[PDB]
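A.B. asks: no sequence on this one, just coordinates:
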């Protein structure tokens, strides 16, 4: 079984009834795929199968689904043009309209909107089906991440590349220039990148290196870089207050940042409007702050949408908080939740995987 909820007005959840699905509901069509990954963008959902196949559902505008054309679909639809490739991971931002896909051969495919050079093909021409990024061929790529207007990947050697919109420093090349093809982030050389996340709007980028250090750069508004105040920067800089804490994952939602530790702690910081941070007030938070509503709960996975979070613990409790205008919190309402709250309908369901898109949410058990 795979449970899905939240906004479903354009087929986001792959075939179930209701423009808003306000309680976790079985999504049979997604379950039949036995996905190894589910990840959503702006009104979209992508599924990766065990045999490396890619399916998409939801809003088709701009060629964001990668199935061909711009029609929307309401059932998981095979990306046929790439079925000869074994895909192991898709990257899409919760608020994004383009994807990266990583093959077993360490190559990157991209599709969707092409504004700002985010597809990485050396121009701003849209690709409605997945296309290999040629300038990365011969380099073993091992991870991919996507922002609202930018893109990133990590190589076997631990090097980071970013590309797309340069404004406000999100690429990290010490300037504001757009990059139409992947460009090595030189300031991080000598540190091995092990996790990467990219934001939306006037965006930040976050990463984790293997020396127990978290980095942030790009747009500073609302404190989402985590160094106090609101100054942006154009080159990776450490968030010193996270050093030594055993961070294992970073994520970005809309104007906010998240870290999960080996110990199971969740930290959030950035824009506080609409309760996205989960601290129990809408104040902006300008340095990483532990989410005290998850104190002593051993969180093993977290996912962000634009304005909401979902996470699960070792024992299968699922928590959401943030905005609920589309029912994405899964409590039967469209009322915001200020602090993490257990998802009642999932109690007993043994969930160990969670995912989001812009305003929709999935949870399941392997």
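C.D. replies: Yes, it's here. Numbering: from 1, shown residues only.
A.B. asks: if you go through this protein in chain order, where are the helices?
C.D. replies: Secondary structure of the chain (DSSP state H): helices located at 28-32.
A.B. asks: Excluding sequence neighbours, find me the nearest residue to residue 82.
C.D. replies: Excluding the flanking residues, the one nearest residue 82 by CB to CB, 6 or more residues apart in numbering is residue 130, at 4.6 Å. From N, CA and C alone the C-beta is placed, and that goes for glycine too.
A.B. asks: quick one: contacts for the one you found?
C.D. replies: 54, 66, 79, 81-82, 99, 101, 109-111 (CB atoms under 8 Å, 6 or more residues apart in numbering).
A.B. asks: Could you check how many residues crowd around the residue nearest to residue 101 when sequence neighbours are not counted?
C.D. replies: Using CB to CB, 6+ apart and skipping residues adjacent in sequence, the residue nearest residue 101 is residue 109, 4.4 Å away. Residues within reach of residue 109, counting by other CB atoms under 10 Å, total 26.
A.B. asks: and the residue lying closest to residue 70 once chain neighbours are set aside, what is it in contact with?
C.D. replies: With CB to CB, 6+ apart as the criterion, residue 70 has its nearest non-adjacent residue at 4.8 Å, and that residue is residue 60. Residues in contact with residue 60, defined by CB under 8 Å, 6+ apart, are 67, 69-73.
A.B. asks: In the residues you listed, which residue is surrounded by the most others?
C.D. replies: Most neighbours among the contacts of residue 60, by other CB under 10 Å: residue 67, with 23 neighbours.
A.B. asks: Distance check, the nearest residue to it once chain neighbours are set aside against residue 326.
C.D. replies: Closest residue in space to residue 67, ignoring its immediate chain neighbours: residue 77 at 5.0 Å, by CB to CB, 6+ apart. Distance, residue 77 to residue 326, using CB to CB, to the nearest Å: 22 Å.
A.B. asks: more neighbours, those two?
C.D. replies: A count of neighbours by other CB under 10 Å puts residue 326 above the other of residue 77 and residue 326, at 26 against 21.
A.B. asks: Please tell me I have it right and the more buried one contacts residue 357.
C.D. replies: No - using CB atoms under 8 Å, residue 326 is not in contact with residue 357, being 10.3 Å away.
A.B. asks: Need the overlap of contacts for these two.
C.D. replies: Here residue 326 and residue 357 have residue 6 as joint contacts, going by CB under 8 Å, 6+ apart.
A.B. asks: ok, so what distance separates residue 300 from residue 5?
C.D. replies: Separation of residue 300 from residue 5 (CB to CB): 20 Å.
A.B. asks: who has more neighbours, these two?
C.D. replies: More crowded of residue 300 and residue 5, by other CB under 10 Å: residue 5, with 32 against 19.
A.B. asks: How about that one: which residues does it bridge to?
C.D. replies: Per DSSP bridges, the residues bridged to residue 5 are residue 361.
A.B. asks: Dead centre of the chain: give me the residue that sits there.
C.D. replies: With the centre of the chain defined as its mean C-alpha position, the nearest residue by CA atoms, centre = their mean is residue 93, 4.6 Å away.
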